[PDB]
């Protein structure tokens, strides 16, 4: 029998660790889930289900229910694209678009692009962890309270916006080398902003954020470590690739993307590999000495990418290559992607060249719009 999952979302604040994820892998692999006699007594299974994009739980004794009956596949978008609030627009205004590139790759590698700039607040994939995180604070953190984090830019803009929609004030911390929008848009959205012109990176900022949190009592939401990040991509980004492939009738063979927190690629890799372990995951490694906005090398220490049972393949990419791929994509598709998108595309194109890859459809995740990167565009034009 089917029940509305929303009555059981206390399990999100309750359940700790990664054990539940074996329930999620199992249900995804099987296409079904067993009826729960006493749903309350199985917080971890319930959590696994929410995590996969279900809106109903199976309830009763003996039966089971399909991913479809569970709502993994519900259409959320109103056909007329009319939303009663910005938040509902974030929620229901999904999936982001999966678009086939006109770009040709060797060895029968067919590229689609998932355009994450189609999120309303930061015009980036960071909208998703910002909503999911803040949403959870919402129940036990007092309105009016200040929340804060290190950001490369995207996260901070997104967070600043979502926090205000929720009653919170916001503070964002950025390295000197971050984009100017990251430093300026939060203020517009009414957050405070701190720029450390010294910090050679986002992560380098975490110590001062933590200390400051201890001192000032603000809540440090920590995207780098907060599981509402990966869970947000599991139920959004990753479910969507799954659903978009099955329904777009793609013969899905792999995904490609970049890594900052590592949240979205981890979810996409995890979720899809549960459905078929042969699904590849091609990941970018900014060539050492190079900086590609929003992303970094794998061994700089990332939570989920390392900690979960995920198969993946690294490729290096310079700033110069990532940009040449912005230009390639701009000229084929008339889509202006950002540097991490460029890199992700290039990583996919390198692996294509080596003949590493089973030929088929490959979904590349584009984190944001190239519009935000005009002086790198300027540099890439020489």
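Numbering follows the first chain given and starts at 1.
- When the two stretches 252 to 260 and 225 to 233 are set side by side, the higher mean Cα temperature factor goes to 252 to 260.
- Taking the PDB entry as given, 316 to 324 carries the higher mean Cα B factor of the two stretches 316 to 324 and 66 to 74.
- Comparing the C-alpha B-factors of 241, 131, 203, 172 in the entry, the top value falls on 203.
- For the set 311, 85, 119, 266, the PDB entry puts the maximum C-alpha B factor at 311.
- Looking at the C-alpha B-factors along this chain, the one for residue 94 belongs to the lowest third.
- Ranked against the other modelled residues of its chain, the C-alpha B-factor of residue 299 as given in the entry falls in the highest third.
- Residue-level temperature factors show residue 344 in the middle third of its chain, judged at the C-alpha atom.
- In the PDB entry, residue 9 places in the highest third of its chain by CA B-factor.
- Sorting the modelled residues of the chain by their CA temperature factor places residue 186 in the lowest third.
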